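Here's a solo chain for you in structure tokens, the form deposited in one PDB entry.
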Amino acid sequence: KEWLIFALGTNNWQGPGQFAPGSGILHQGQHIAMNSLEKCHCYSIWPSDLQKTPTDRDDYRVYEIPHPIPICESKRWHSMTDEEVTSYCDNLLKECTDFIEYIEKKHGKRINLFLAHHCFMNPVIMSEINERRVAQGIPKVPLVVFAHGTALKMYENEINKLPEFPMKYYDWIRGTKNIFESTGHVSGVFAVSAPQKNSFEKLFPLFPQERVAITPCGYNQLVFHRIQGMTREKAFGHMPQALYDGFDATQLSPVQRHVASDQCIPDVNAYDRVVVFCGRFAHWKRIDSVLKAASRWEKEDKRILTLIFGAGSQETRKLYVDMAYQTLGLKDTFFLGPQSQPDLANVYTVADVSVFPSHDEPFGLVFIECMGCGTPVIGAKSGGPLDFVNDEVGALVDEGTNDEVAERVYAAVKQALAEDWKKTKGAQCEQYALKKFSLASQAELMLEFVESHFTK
């Protein structure tokens, strides 16, 4: 099977004078990945108001625009005129169709796969290009979509008759254009997580659930890698605490003076070792099992910093913050809420071990993301981690009651710090993540899925 992929990105790649979105830095990693595969050429196109298509290579082109790239939530997509939008999309359409003829003439062969990067406009374009490719007697080429999210929260506010999100597009991609109302336009769709798999499935239900999948699991080794010369302070010293709106800093005992909203941690270099959690504040992450376990080790007078990354509903955020400080006496355990992935790579890079004691973690990307920067991982014998965590990169605790897990986590962090798993396993954690869950393997799994699940 020989692949001639044309991929339509939604954001700008990393470059001179431009950092990348998330969906952009990915398109880029994927572009390299797919091209590195035997029997595979992928051509990408993707917009910027800074960067210019290259002169010394043809694998990609830039869609040069004067304004910043639109957004779904600086330029908003509803904020621009109707005439602004139509053009922005019909200009892009012409660039893509030129590019495609360039490619198809180049290779003496028809493109046999279209990627399109959010659920908005990029699919409509490729879907329109495809109708016309049939107008001339040349097969339409199967089109797969990446549902990262941003364009669906747009569709949800339109439906939720939210403020700045009047109803313009949702009933258009649906009633007027008919993109996800059958397999006649979009052959398949990849979500990153079952949250997104459902967010989409409710929105476009005449789209077969059999044709909405989860991307084969990888991590983005461009982002997640051993970050050179990172410090404690460089990586998270200037990260302000989170907690919750209404956090009464005044009930904190004295020893807990260190805790306070929108206030960085004092004296990062003062703590002997660092221990990291990262994940949505779901109940099954068993955040509570960590704090329980950190409560037992802060009293051991070894200076163990404990960081609690991730985002949570103001109810559940208040739950664990108050469980941590009021209920357990946690003075060396700060909540810094959610963080970008690159900031997180800096954090992992300087962390001694990470603990993600999820019950039935479906796959757990934070496990391999953290390994991809050279630090070991501790988790539980349930779910996705049973298949790739081993004694060489960390540990999985025997499953049990939350209090049971927490005692076992405590046992784990204590051994990991004491045997310096960072030094003794950090090397293999890195070479292991990069080998088995690089964008290169995820690309290979993905094209392979697409062949047998989306070629009707």
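The first residue of the sequence shown is number 1, and the count goes up from there.
Same protein, other form: the form deposited in another entry, not shown, and the subject of what follows.
Of the two rigid parts that shift between this form and the one not shown, one contains both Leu291 and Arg273.
In summary, the C-alpha positions of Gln341 and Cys119 diverge in that other deposited form, ending up at least 3 angstroms farther from each other than in this conformation.
Distance between the C-alpha atoms of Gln18 and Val223: longer by at least 3 Å in that other deposited form than in the displayed form.
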